[PDB]
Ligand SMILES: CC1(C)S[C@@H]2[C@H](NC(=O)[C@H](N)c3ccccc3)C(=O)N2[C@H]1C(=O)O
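Have a look below at one chain only, the form solved without this ligand, in structure tokens format.
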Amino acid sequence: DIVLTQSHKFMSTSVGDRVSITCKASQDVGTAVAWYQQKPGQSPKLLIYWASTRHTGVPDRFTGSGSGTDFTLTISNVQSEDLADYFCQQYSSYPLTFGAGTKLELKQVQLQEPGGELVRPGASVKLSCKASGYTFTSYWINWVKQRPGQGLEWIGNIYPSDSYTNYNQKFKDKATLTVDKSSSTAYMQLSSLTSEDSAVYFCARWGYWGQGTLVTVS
């Protein structure tokens, strides 16, 4: 299990400043690291992959660097829209892991973002993730859990084309992944739910996260 440790939980900065967010793997992850930005009530947005390749769209301001065990995301001239949560991810080996995050703050209305369902302890739910606009079978689909206040946990993934599946052994007897090529819909079933299972569950594909669904157990 590869642990990713992020420097600080909170980093105060001010417009115009240079900031450096660091992440250290507890093992060599080579150059297989990505950085994500997350604004409140929003799905993570990809900023950098392969430790230093800026993703289409991302502004110059962002630079990634690092190799093997120390990684650094640097925002040159910080801007307002840069205030957000930043996450590093390792995809060298399974299970996929993430850093706890770094909220970058300084020194509005949220309604049903996302929406979900409230279920009962011991209950079981099956979430849908409908795809559109691309060949559903050619891309792996991941499921990530996000309890408020904490980081992201990779549950597992599945290759639509042949339903090949990988599970984080932590969720081995909780989750079950399936797909329906027929309608371009991936599904995930969580069983024997408990208070700890309350969170936002995202399905994601390389470079595009779903909006997630909130599951609440009470």
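Residue positions are given as counts along the sequence shown, with the first one as 1.
The same protein also has a form deposited with this ligand bound, omitted here; what follows describes it.
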Shown form pocket vs this ligand in the bound PDB entry, superposition, backbone/C-beta distance 2.4 Å
open
Out of 71-79, 124-132, 108-116, 89-97, where are the residues with a heavy atom within 4.5 Å of this ligand in the bound PDB entry?
89-97
State yes or no: in the bound PDB entry, is some non-hydrogen atom of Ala199 no more than 4.5 angstroms from a non-hydrogen atom of this ligand?
no
Would you classify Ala204 as touching this ligand in the bound PDB entry, given a 4.5 Å non-hydrogen atom cut-off?
yes
Verify the contact flag for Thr102: yes if a non-hydrogen atom of it lies within 4.5 Å of a non-hydrogen atom of this ligand in the bound PDB entry, no if not.
no
Would you classify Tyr167 as touching this ligand in the bound PDB entry, given a 4.5 Å non-hydrogen atom cut-off?
no
Could you list which residues of 132-152 come within 4.5 Å of this ligand in the bound PDB entry, counting heavy atoms only?
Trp140, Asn142, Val144
